[PDB]
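# Analysis of the macromolecular model
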Amino acid sequence: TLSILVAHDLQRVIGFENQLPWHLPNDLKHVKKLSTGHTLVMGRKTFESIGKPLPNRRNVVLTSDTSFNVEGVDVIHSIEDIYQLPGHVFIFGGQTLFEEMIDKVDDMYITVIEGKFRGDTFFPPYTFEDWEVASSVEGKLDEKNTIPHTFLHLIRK
Ligand SMILES: NC(=O)c1ccc[n+]([C@@H]2O[C@H](COP(=O)([O-])OP(=O)(O)OC[C@H]3O[C@@H](n4cnc5c(N)ncnc54)[C@H](OP(=O)(O)O)[C@@H]3O)[C@@H](O)[C@H]2O)c1
Ligand SMILES: CCOc1ccc(-c2cccc(NS(C)(=O)=O)c2)cc1-c1ccc2c(N)nc(N)nc2c1
C-alpha cells in the first residue's frame, strides 16, 4: 500500500522556514501509531528538518545528491524507486514529494489543523469528489494540545 501522511491547516499550509508551523504533540502520536514498523519516504529538506531517521521504521530519503549516505537511512534518487519498496509505504513530505505523489497514492492520512498559519509550503489542492472519507476523527484538546484538529483517512474513489 502507498499512502500519503500529512498535517495541513485550513488553507493547506504544511510548513514554514523548513519546520512545522504548529506545536501539536497529538499529531506526532498519530504519526508514531501509523508508521512504526513501516516505511517513510521523504524529500531531502524534510529529512534535514528532522535531523535524524525516526526510530522503529524504515526511513527512505529522496535526493539528487549522489553523496548522500546517512547511517540508518536508505537513499533513493528517483520517484520510480518508491514503487520497488515493499510493505506499507507512507509518503512523508514535503511539498515537492506531495505534489509528485498525490495522483499516485492509494489513500491519504491527513491531520487537518483547524487553524490559519503563516506558511511557505503547501499541500496541493484536492477535492472530496475524488476521495472517500473512510474516517474522520476529532482530536482531543487538552493542556498540551490546544489547536483543534481532525484526523481524516481518505481513500481514492
Ligand atoms: N505538515 C507536514 O505534513 C509536513 C511534512 C513534511 C514536510 N513538511 C514541510 O515541508 C517543507 C519542505 O518541503 P519542500 O518541498 O521544500 O522539500 P522536500 O519535499 O522535503 O524536499 C525537497 C527535496 O527533495 C528532493 N526531491 C524531491 N523530488 C525528487 C526527485 N524526483 N528526484 C530527486 N530528488 C527529489 C530534492 O532534494 P535535493 O535538492 O537534495 O536533490 C528536493 O530539493 C518544510 O517546511 C517542512 O516543514 C511538512
Ligand atoms: C518537517 C518537520 O516535521 C517534523 C519534525 C519532527 C517530527 C518528530 C519529532 C519527534 C519525534 C517524531 N517521531 S514520531 C513520534 O512522530 O513518530 C517526529 C515530525 C515532523 C513531521 C514530519 C512529517 C509529518 C507528516 N508527513 N505528517 C504528519 N501528520 N506529521 C508529520 C510530522
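Note on numbering: residues are counted from 1 along each chain in the order of its written sequence, which can differ from the entry, and residues with no coordinates are hidden. Lettering for chains starts from A, numbering for ligands starts from 1, and both go in the order in which the items are written. Just so you know, side-chain values use all the structure's heavy atoms and leave hydrogens and water out.

In the PDB archive, X-ray crystallography is given as the structure determination method for this entry, at a resolution of 1.7000 Å.

For the protein, the PDB entry supplies the name Dihydrofolate reductase and the organism Staphylococcus aureus. As deposited in the PDB, this entry carries the title "S. aureus Dihydrofolate Reductase complexed with novel 7-aryl-2,4-diaminoquinazolines". A UniProt comment under Pathway is attached to the protein, and it reads "Cofactor biosynthesis; tetrahydrofolate biosynthesis; 5,6,7,8-tetrahydrofolate from 7,8-dihydrofolate: step 1/1." UniProt positions are given in the numbering used here, feature names are shortened, and annotations may be inferred rather than shown by experiment. In the Sequence similarities part of its UniProt record, the protein is described as follows: "Belongs to the dihydrofolate reductase family."

### A short note on the site of ligand 1
The rule for a residue being near a molecule or strand is that one of its heavy atoms must lie within 4 Å of it. Surrounding ligand 1, one finds 26 residues, the nearest of these being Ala7, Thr46, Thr63, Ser64 and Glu100. Polar contact is defined as a pair of N or O atoms within 3.5 Å, subject to the rule that within protein one atom must be able to donate a hydrogen and the other to accept it, and that residues adjacent in sequence are counted only when both atoms are side-chain atoms. Taking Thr96, its main chain carries an N or O atom lying 2.9 Å from an oxygen atom of ligand 1. The Shrake-Rupley method, run with a 1.4 Å probe, gives the accessible areas here. Residue values count only the displayed protein chains as cover. Across the complex, the protein chains shield 83% of the 940 Å² of accessible surface that ligand 1 would expose by itself. Element by element, the count of residues in the shell around ligand 1 is highest for helix α3 (residues 95–101), at four residues. Here a helix means four or more residues in a row that DSSP labels H or I, a strand means two or more in a row labelled E, and each is numbered from the N terminus.

### A short note on the UniProt feature "domain: DHFR" in the protein
According to UniProt, the "domain: DHFR" feature falls on residues 1–156. This span, residues 1–156, is 16% helix and 34% strand, and a straight line between its end C-alpha atoms measures 12 Å.

### Focus: helix α1 (residues 25–35)
Here the term buried applies to any residue with accessible area under 20% of the maximum for its type, exposed to any over 50%, and partly exposed to those in between, with areas from a 1.4 Å probe on protein chains only. Among the residues of α1, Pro25, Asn26, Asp27, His30, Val31, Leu34 and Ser35 are the ones counted as buried. Two residues form a contact once any of their heavy atoms are found within 4.5 Å. Summarising the contacts, the buried residues of α1 are in contact with β1 (2–9), β3 (39–43), β6 (89–91), β7 (107–113) and β10 (149–156).

### Description of the packing of aromatic side chains
Any pair of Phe, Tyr and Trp rings, taking the six-membered ring for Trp, is counted once the centres come within 6.5 Å. Such a pair is stacked with planes under 30 degrees apart, edge-to-face with planes over 60 apart, and tilted for the rest. Per the counting criterion, the structure on display carries six aromatic pairs. Taken together, a centroid distance of 5.1 Å and an interplanar angle of 65° make the contact between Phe98 and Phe123 edge-to-face. One end of the pair, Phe98, is in helix α3; the other, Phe123, is in the loop between β8 (121–122) and β9 (131–138), with 25 residues separating them in the sequence. Neither residue differs from the other here; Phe98 and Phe123 are each classed as buried.

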